[PDB]
Amino acid sequence: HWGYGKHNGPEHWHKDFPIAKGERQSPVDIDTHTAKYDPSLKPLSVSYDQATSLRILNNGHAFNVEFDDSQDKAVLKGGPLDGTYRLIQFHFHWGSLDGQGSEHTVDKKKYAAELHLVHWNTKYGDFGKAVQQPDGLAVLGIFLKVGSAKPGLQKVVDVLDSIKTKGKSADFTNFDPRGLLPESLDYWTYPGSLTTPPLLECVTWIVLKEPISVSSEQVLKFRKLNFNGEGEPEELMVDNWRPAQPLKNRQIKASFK
Ligand SMILES: Cc1cc(C)cc(NC(=O)Nc2ccc(S(N)(=O)=O)cc2)c1
Ligand SMILES: [Zn+2]
């Protein structure tokens with residue numbers, strides 16, 4: 001079954017998921033000199049005041065903080081998007097080393113980690129329908145660099161002990177995802193895909209220009225998670241990122257100059 005190792009990793013995925021070699025795969029390298037400023041792009045609208053977090057889950061590939069998406073509580077709108085997208089979960093991808101871990105890269109630069117806030121288009125009724133549509137998801141991607149601590153991340157860090165292994169979950173109510181955002185909402189955008197199997201080509205990617213800074217201790221605690229389940233040999237959950245994929249016939253647009 002797929003993973004991130006030498007025998008089941010990104011180089012293998014195309015055998016079960018042939019869309020891995022498709023025309024709008026993610027992540028990509030963001031070449032900042034080739035991205036074009038689009039003055040018709042609108043500012044992002046991030047409305048997280050009514051967000052309702054529920055649970056945090058180690059799913060064997062990352063950990064997801066899950067939200068109540070049965071109503072318009074935490075939504076993303078504007079930017080390149082038409083319509084309203086509901087926040088369903090966020091998760092991260094990270095490295096074994098501070099110099100690697102992000103999925104997108106910027107002028108080939110790799111960050112220590114990358115946050116994905118996953119949203120689905122309410123015109124499609126449910127997340128399972130949305131992933132079957134070319135405009136079904138909008139994922140807001142935020143780079144993490146190692147430096148000073150991110151205070152709004154610490155409640156996530158402190159619960160990871162309780163979800164060490166695959167299949168463990170814990171209650172995670174009353175978490176405010178606004179504490180994970182950088183100051184600026186300047187962004188790059190392009191059409192892409194999920195970055196893990198089934199690799200569906202259903203995502204409008206919105207990647208913020210400004211990284212957030214997390215401490216070395218915070219990302220160190222990410223790296224103590226386990227890919228394995230309890231009672232299985234320990235496999236540290238590190239390097240759960242897909243490398244950059246060919247841009248093919250796509251243009252990355254910038255909301256800024
Ligand atoms: C509809 C459905 C049902 C189940 C049980 C799982 C999934 N998988 C899914 O949503 N995966 C997913 C993969 C990658 C991203 S990313 N890394 O591009 O933000 C988000 C969701 C999708
Ligand atoms: Zn992701």
# chains A, B, ... in the order shown; residues from 1 in each chain; ligands from 1

$ select_by_dssp --residues "region 56-188 of chain A" --states "strand (DSSP E)" --output "JSON, numbers by chain"
{"A": [56, 57, 58, 63, 64, 65, 66, 67, 75, 76, 77, 78, 85, 86, 87, 88, 89, 90, 91, 92, 93, 94, 105, 106, 113, 114, 115, 116, 117, 118, 119, 120, 121, 137, 138, 139, 140, 141, 142, 143, 144, 145, 146, 169, 170, 171, 187, 188]}

$ write_last_selection --atoms "C-alpha atoms" --output "mmCIF file, in the first residue's frame"
data_model
loop_
_atom_site.group_PDB
_atom_site.id
_atom_site.type_symbol
_atom_site.label_atom_id
_atom_site.label_comp_id
_atom_site.auth_asym_id
_atom_site.auth_seq_id
_atom_site.Cartn_x
_atom_site.Cartn_y
_atom_site.Cartn_z
ATOM 1 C CA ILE A 56 -6.992 15.293 15.633
ATOM 2 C CA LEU A 57 -6.120 12.017 13.871
ATOM 3 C CA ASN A 58 -2.882 10.207 12.996
ATOM 4 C CA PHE A 63 -2.045 14.092 11.249
ATOM 5 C CA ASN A 64 -5.327 15.845 10.416
ATOM 6 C CA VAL A 65 -7.104 18.420 12.564
ATOM 7 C CA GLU A 66 -10.728 17.945 11.497
ATOM 8 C CA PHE A 67 -13.507 20.512 11.494
ATOM 9 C CA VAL A 75 -14.893 29.263 4.777
ATOM 10 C CA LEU A 76 -12.523 30.457 2.120
ATOM 11 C CA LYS A 77 -13.699 32.734 -0.654
ATOM 12 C CA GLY A 78 -12.371 35.296 -3.085
ATOM 13 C CA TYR A 85 -15.325 26.605 0.159
ATOM 14 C CA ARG A 86 -15.665 25.018 3.639
ATOM 15 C CA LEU A 87 -12.693 24.077 5.791
ATOM 16 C CA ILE A 88 -12.739 20.311 6.433
ATOM 17 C CA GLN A 89 -9.239 19.698 7.798
ATOM 18 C CA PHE A 90 -5.668 20.859 7.991
ATOM 19 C CA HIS A 91 -2.465 18.871 8.113
ATOM 20 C CA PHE A 92 1.231 19.279 7.486
ATOM 21 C CA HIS A 93 4.076 17.735 5.502
ATOM 22 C CA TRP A 94 7.557 17.905 7.035
ATOM 23 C CA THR A 105 9.223 24.912 -3.451
ATOM 24 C CA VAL A 106 10.003 28.550 -4.220
ATOM 25 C CA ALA A 113 7.331 21.980 6.486
ATOM 26 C CA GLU A 114 4.143 23.016 4.742
ATOM 27 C CA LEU A 115 0.644 23.519 6.163
ATOM 28 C CA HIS A 116 -2.384 22.542 4.045
ATOM 29 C CA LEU A 117 -5.796 23.955 5.006
ATOM 30 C CA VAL A 118 -8.172 21.893 2.929
ATOM 31 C CA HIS A 119 -11.506 23.357 1.757
ATOM 32 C CA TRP A 120 -14.282 21.997 -0.493
ATOM 33 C CA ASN A 121 -16.699 23.760 -2.829
ATOM 34 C CA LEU A 137 -11.212 21.788 -3.584
ATOM 35 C CA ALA A 138 -9.210 24.832 -2.579
ATOM 36 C CA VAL A 139 -6.124 24.114 -0.486
ATOM 37 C CA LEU A 140 -4.397 27.021 1.237
ATOM 38 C CA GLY A 141 -0.696 26.192 1.533
ATOM 39 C CA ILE A 142 1.573 27.930 4.032
ATOM 40 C CA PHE A 143 5.306 27.363 4.351
ATOM 41 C CA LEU A 144 6.992 26.790 7.710
ATOM 42 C CA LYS A 145 10.563 27.899 8.376
ATOM 43 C CA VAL A 146 12.488 27.145 11.556
ATOM 44 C CA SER A 169 -7.221 10.190 17.543
ATOM 45 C CA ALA A 170 -7.912 12.684 20.315
ATOM 46 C CA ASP A 171 -10.535 15.335 20.977
ATOM 47 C CA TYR A 187 -0.446 34.362 -2.691
ATOM 48 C CA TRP A 188 0.419 32.380 -5.797
#

$ residues_around --residues "region 219-232 of chain A" --least-positions-apart "4" --cutoff "6 Å" --atoms "only C-alpha atoms" --output "PyMOL selection string"
chain A and resi 60+164-166+236-238

$ residues_around --residues "residue 52 (chain A)" --least-positions-apart "6" --cutoff "7 Å" --atoms "only C-alpha atoms" --output "JSON, numbers by chain"
{"A": [67, 68, 173, 174]}

$ residues_near_ligand --ligand "ligand 1" --cutoff "7 Å" --atoms "only C-alpha atoms and all ligand atoms" --output "VMD selection string"
chain A and resid 116 to 118 127 to 128 131 139 193 to 199

$ write_last_selection --atoms "N, CA and C atoms" --output "compact mmCIF listing (two decimals), in the first residue's frame"
# COMPACT_ATOMS: atom_id res chain seq x y z
N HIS A 116 -1.30 22.62 5.03
CA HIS A 116 -2.38 22.54 4.05
C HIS A 116 -3.72 22.66 4.76
N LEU A 117 -4.43 23.74 4.52
CA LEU A 117 -5.80 23.95 5.01
C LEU A 117 -6.74 23.62 3.86
N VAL A 118 -7.44 22.53 4.03
CA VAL A 118 -8.17 21.89 2.93
C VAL A 118 -9.63 22.34 2.98
N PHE A 127 -17.71 16.45 0.59
CA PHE A 127 -16.31 16.38 0.21
C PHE A 127 -16.07 15.28 -0.81
N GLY A 128 -16.74 14.14 -0.64
CA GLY A 128 -16.55 13.04 -1.57
C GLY A 128 -16.97 13.37 -2.99
N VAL A 131 -14.19 16.07 -4.54
CA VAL A 131 -12.89 15.61 -5.03
C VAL A 131 -12.98 15.04 -6.44
N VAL A 139 -7.04 24.37 -1.59
CA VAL A 139 -6.12 24.11 -0.49
C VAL A 139 -5.24 25.34 -0.32
N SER A 193 -3.56 19.26 -7.94
CA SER A 193 -4.10 17.97 -7.51
C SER A 193 -3.89 17.79 -6.02
N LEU A 194 -4.54 16.76 -5.47
CA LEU A 194 -4.10 16.21 -4.19
C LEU A 194 -2.66 15.76 -4.32
N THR A 195 -1.87 15.91 -3.25
CA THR A 195 -0.46 15.50 -3.32
C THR A 195 -0.21 14.12 -2.73
N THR A 196 -1.26 13.40 -2.37
CA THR A 196 -1.13 12.02 -1.96
C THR A 196 -2.18 11.22 -2.70
N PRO A 197 -1.93 9.94 -2.96
CA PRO A 197 -2.99 9.14 -3.56
C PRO A 197 -4.34 9.46 -2.90
N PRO A 198 -5.42 9.52 -3.69
CA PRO A 198 -5.54 9.15 -5.11
C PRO A 198 -5.10 10.22 -6.13
N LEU A 199 -4.46 11.30 -5.66
CA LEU A 199 -3.82 12.27 -6.56
C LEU A 199 -4.83 12.94 -7.50

$ select_by_dssp --residues "region 15-249 of chain A" --states "alpha helix (DSSP H)" --output "ChimeraX atom specification"
/A:127-130,154-159,216-222

$ write_last_selection --atoms "N, CA and C atoms" --output "mmCIF file, in the first residue's frame"
data_model
loop_
_atom_site.group_PDB
_atom_site.id
_atom_site.type_symbol
_atom_site.label_atom_id
_atom_site.label_comp_id
_atom_site.auth_asym_id
_atom_site.auth_seq_id
_atom_site.Cartn_x
_atom_site.Cartn_y
_atom_site.Cartn_z
ATOM 1 N N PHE A 127 -17.715 16.450 0.592
ATOM 2 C CA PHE A 127 -16.308 16.380 0.213
ATOM 3 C C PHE A 127 -16.067 15.279 -0.806
ATOM 4 N N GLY A 128 -16.743 14.137 -0.640
ATOM 5 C CA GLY A 128 -16.553 13.039 -1.571
ATOM 6 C C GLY A 128 -16.968 13.370 -2.995
ATOM 7 N N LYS A 129 -18.024 14.175 -3.159
ATOM 8 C CA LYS A 129 -18.381 14.636 -4.502
ATOM 9 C C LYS A 129 -17.370 15.646 -5.005
ATOM 10 N N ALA A 130 -16.946 16.547 -4.117
ATOM 11 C CA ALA A 130 -16.077 17.647 -4.505
ATOM 12 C C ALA A 130 -14.765 17.148 -5.094
ATOM 13 N N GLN A 154 1.200 25.759 19.195
ATOM 14 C CA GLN A 154 1.670 24.949 20.315
ATOM 15 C C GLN A 154 0.607 23.964 20.801
ATOM 16 N N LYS A 155 -0.682 24.335 20.776
ATOM 17 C CA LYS A 155 -1.693 23.370 21.210
ATOM 18 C C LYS A 155 -1.695 22.116 20.326
ATOM 19 N N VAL A 156 -1.356 22.259 19.040
ATOM 20 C CA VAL A 156 -1.196 21.094 18.164
ATOM 21 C C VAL A 156 -0.002 20.263 18.609
ATOM 22 N N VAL A 157 1.142 20.923 18.807
ATOM 23 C CA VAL A 157 2.351 20.225 19.243
ATOM 24 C C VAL A 157 2.092 19.433 20.522
ATOM 25 N N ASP A 158 1.355 20.016 21.465
ATOM 26 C CA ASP A 158 1.267 19.387 22.777
ATOM 27 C C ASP A 158 0.359 18.170 22.802
ATOM 28 N N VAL A 159 -0.498 17.981 21.794
ATOM 29 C CA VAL A 159 -1.358 16.801 21.795
ATOM 30 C C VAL A 159 -0.738 15.637 21.023
ATOM 31 N N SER A 216 12.511 25.161 16.402
ATOM 32 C CA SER A 216 13.112 23.847 16.230
ATOM 33 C C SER A 216 12.446 22.803 17.126
ATOM 34 N N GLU A 217 12.052 23.181 18.353
ATOM 35 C CA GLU A 217 11.380 22.224 19.237
ATOM 36 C C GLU A 217 10.008 21.820 18.703
ATOM 37 N N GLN A 218 9.270 22.765 18.112
ATOM 38 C CA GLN A 218 7.965 22.432 17.557
ATOM 39 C C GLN A 218 8.077 21.412 16.428
ATOM 40 N N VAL A 219 8.983 21.635 15.470
ATOM 41 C CA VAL A 219 9.058 20.680 14.362
ATOM 42 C C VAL A 219 9.717 19.369 14.821
ATOM 43 N N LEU A 220 10.624 19.436 15.801
ATOM 44 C CA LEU A 220 11.178 18.225 16.399
ATOM 45 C C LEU A 220 10.077 17.316 16.936
ATOM 46 N N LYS A 221 9.030 17.896 17.527
ATOM 47 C CA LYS A 221 7.948 17.069 18.039
ATOM 48 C C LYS A 221 7.087 16.481 16.921
ATOM 49 N N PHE A 222 6.954 17.166 15.772
ATOM 50 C CA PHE A 222 6.344 16.497 14.620
ATOM 51 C C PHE A 222 7.063 15.192 14.299
#

$ closest_residue --among "A:177, A:191, A:27, A:243" --to "residue 80 (chain A)" --atoms "only C-alpha atoms"
A:191

$ residues_around --residues "residue 201 (chain A)" --least-positions-apart "3" --cutoff "9 Å" --atoms "only C-alpha atoms" --output "VMD selection string"
chain A and resid 19 22 to 26 131 to 135 191 to 194

$ closest_residue --among "A:45, A:189, A:102, A:215" --to "ligand 2" --atoms "only C-alpha atoms and all ligand atoms"
A:102

$ closest_residue --among "A:101, A:136, A:151, A:125" --to "ligand 2" --atoms "only C-alpha atoms and all ligand atoms"
A:101

$ residues_around --residues "residue 37 (chain A)" --least-positions-apart "3" --cutoff "10 Å" --atoms "only C-alpha atoms" --output "list in words"
residues 34, 40, 41, 188, 252, 253, 254, 255, 256 and 257 of chain A

$ closest_residue --among "A:212, A:51, A:206, A:149" --to "residue 30 (chain A)" --atoms "only C-alpha atoms"
A:206

$ decode --residues "region 59-84 of chain A" --atoms "N, CA and C atoms" --output "PDB file, in the first residue's frame"
ATOM      1  N   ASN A  59      -3.309   9.514  10.683  1.00  0.00           N
ATOM      2  CA  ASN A  59      -3.863   8.612   9.678  1.00  0.00           C
ATOM      3  C   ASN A  59      -2.799   7.742   9.023  1.00  0.00           C
ATOM      4  N   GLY A  60      -1.591   7.702   9.588  1.00  0.00           N
ATOM      5  CA  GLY A  60      -0.520   6.890   9.060  1.00  0.00           C
ATOM      6  C   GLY A  60       0.322   7.570   8.003  1.00  0.00           C
ATOM      7  N   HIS A  61      -0.092   8.742   7.518  1.00  0.00           N
ATOM      8  CA  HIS A  61       0.672   9.534   6.554  1.00  0.00           C
ATOM      9  C   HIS A  61       0.985  10.931   7.060  1.00  0.00           C
ATOM     10  N   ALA A  62       0.086  11.515   7.846  1.00  0.00           N
ATOM     11  CA  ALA A  62       0.246  12.795   8.514  1.00  0.00           C
ATOM     12  C   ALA A  62      -0.716  12.790   9.702  1.00  0.00           C
ATOM     13  N   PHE A  63      -0.916  13.943  10.333  1.00  0.00           N
ATOM     14  CA  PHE A  63      -2.045  14.092  11.249  1.00  0.00           C
ATOM     15  C   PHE A  63      -2.998  15.170  10.745  1.00  0.00           C
ATOM     16  N   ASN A  64      -4.303  14.905  10.860  1.00  0.00           N
ATOM     17  CA  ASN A  64      -5.327  15.845  10.416  1.00  0.00           C
ATOM     18  C   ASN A  64      -6.044  16.430  11.625  1.00  0.00           C
ATOM     19  N   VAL A  65      -6.171  17.754  11.661  1.00  0.00           N
ATOM     20  CA  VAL A  65      -7.104  18.420  12.564  1.00  0.00           C
ATOM     21  C   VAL A  65      -8.384  18.638  11.773  1.00  0.00           C
ATOM     22  N   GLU A  66      -9.475  18.037  12.237  1.00  0.00           N
ATOM     23  CA  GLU A  66     -10.728  17.945  11.497  1.00  0.00           C
ATOM     24  C   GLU A  66     -11.701  18.985  12.021  1.00  0.00           C
ATOM     25  N   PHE A  67     -12.518  19.528  11.144  1.00  0.00           N
ATOM     26  CA  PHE A  67     -13.507  20.512  11.494  1.00  0.00           C
ATOM     27  C   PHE A  67     -14.941  20.080  11.162  1.00  0.00           C
ATOM     28  N   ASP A  68     -15.894  20.670  11.858  1.00  0.00           N
ATOM     29  CA  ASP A  68     -17.302  20.568  11.478  1.00  0.00           C
ATOM     30  C   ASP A  68     -17.528  21.306  10.161  1.00  0.00           C
ATOM     31  N   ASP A  69     -17.776  20.556   9.089  1.00  0.00           N
ATOM     32  CA  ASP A  69     -18.050  21.150   7.789  1.00  0.00           C
ATOM     33  C   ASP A  69     -19.486  20.882   7.347  1.00  0.00           C
ATOM     34  N   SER A  70     -20.396  20.673   8.299  1.00  0.00           N
ATOM     35  CA  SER A  70     -21.810  20.467   7.973  1.00  0.00           C
ATOM     36  C   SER A  70     -22.583  21.777   7.840  1.00  0.00           C
ATOM     37  N   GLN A  71     -21.927  22.912   8.080  1.00  0.00           N
ATOM     38  CA  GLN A  71     -22.445  24.266   7.910  1.00  0.00           C
ATOM     39  C   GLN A  71     -21.301  25.165   7.481  1.00  0.00           C
ATOM     40  N   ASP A  72     -21.647  26.325   6.914  1.00  0.00           N
ATOM     41  CA  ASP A  72     -20.661  27.357   6.577  1.00  0.00           C
ATOM     42  C   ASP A  72     -20.189  28.034   7.860  1.00  0.00           C
ATOM     43  N   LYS A  73     -19.187  27.431   8.493  1.00  0.00           N
ATOM     44  CA  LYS A  73     -18.585  27.987   9.703  1.00  0.00           C
ATOM     45  C   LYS A  73     -17.207  28.594   9.465  1.00  0.00           C
ATOM     46  N   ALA A  74     -16.330  27.865   8.790  1.00  0.00           N
ATOM     47  CA  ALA A  74     -14.995  28.343   8.444  1.00  0.00           C
ATOM     48  C   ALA A  74     -14.897  28.196   6.939  1.00  0.00           C
ATOM     49  N   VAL A  75     -14.798  29.313   6.230  1.00  0.00           N
ATOM     50  CA  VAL A  75     -14.893  29.263   4.777  1.00  0.00           C
ATOM     51  C   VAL A  75     -13.796  30.107   4.141  1.00  0.00           C
ATOM     52  N   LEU A  76     -13.414  29.717   2.954  1.00  0.00           N
ATOM     53  CA  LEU A  76     -12.523  30.457   2.120  1.00  0.00           C
ATOM     54  C   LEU A  76     -13.228  30.896   0.854  1.00  0.00           C
ATOM     55  N   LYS A  77     -13.039  32.145   0.501  1.00  0.00           N
ATOM     56  CA  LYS A  77     -13.699  32.734  -0.654  1.00  0.00           C
ATOM     57  C   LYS A  77     -12.745  33.726  -1.304  1.00  0.00           C
ATOM     58  N   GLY A  78     -13.163  34.265  -2.445  1.00  0.00           N
ATOM     59  CA  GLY A  78     -12.371  35.296  -3.085  1.00  0.00           C
ATOM     60  C   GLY A  78     -11.117  34.712  -3.707  1.00  0.00           C
ATOM     61  N   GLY A  79     -10.080  35.541  -3.814  1.00  0.00           N
ATOM     62  CA  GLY A  79      -8.902  35.130  -4.534  1.00  0.00           C
ATOM     63  C   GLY A  79      -9.279  34.725  -5.944  1.00  0.00           C
ATOM     64  N   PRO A  80      -8.789  33.566  -6.399  1.00  0.00           N
ATOM     65  CA  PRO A  80      -9.172  33.065  -7.722  1.00  0.00           C
ATOM     66  C   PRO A  80     -10.487  32.308  -7.732  1.00  0.00           C
ATOM     67  N   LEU A  81     -11.143  32.169  -6.587  1.00  0.00           N
ATOM     68  CA  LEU A  81     -12.242  31.227  -6.431  1.00  0.00           C
ATOM     69  C   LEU A  81     -13.570  31.858  -6.815  1.00  0.00           C
ATOM     70  N   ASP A  82     -14.453  31.024  -7.357  1.00  0.00           N
ATOM     71  CA  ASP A  82     -15.873  31.306  -7.466  1.00  0.00           C
ATOM     72  C   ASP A  82     -16.581  30.499  -6.389  1.00  0.00           C
ATOM     73  N   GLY A  83     -17.408  31.153  -5.604  1.00  0.00           N
ATOM     74  CA  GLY A  83     -18.156  30.426  -4.607  1.00  0.00           C
ATOM     75  C   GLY A  83     -17.397  30.218  -3.308  1.00  0.00           C
ATOM     76  N   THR A  84     -17.994  29.379  -2.470  1.00  0.00           N
ATOM     77  CA  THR A  84     -17.672  29.279  -1.056  1.00  0.00           C
ATOM     78  C   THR A  84     -17.063  27.919  -0.798  1.00  0.00           C
TER      79      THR A  84
END
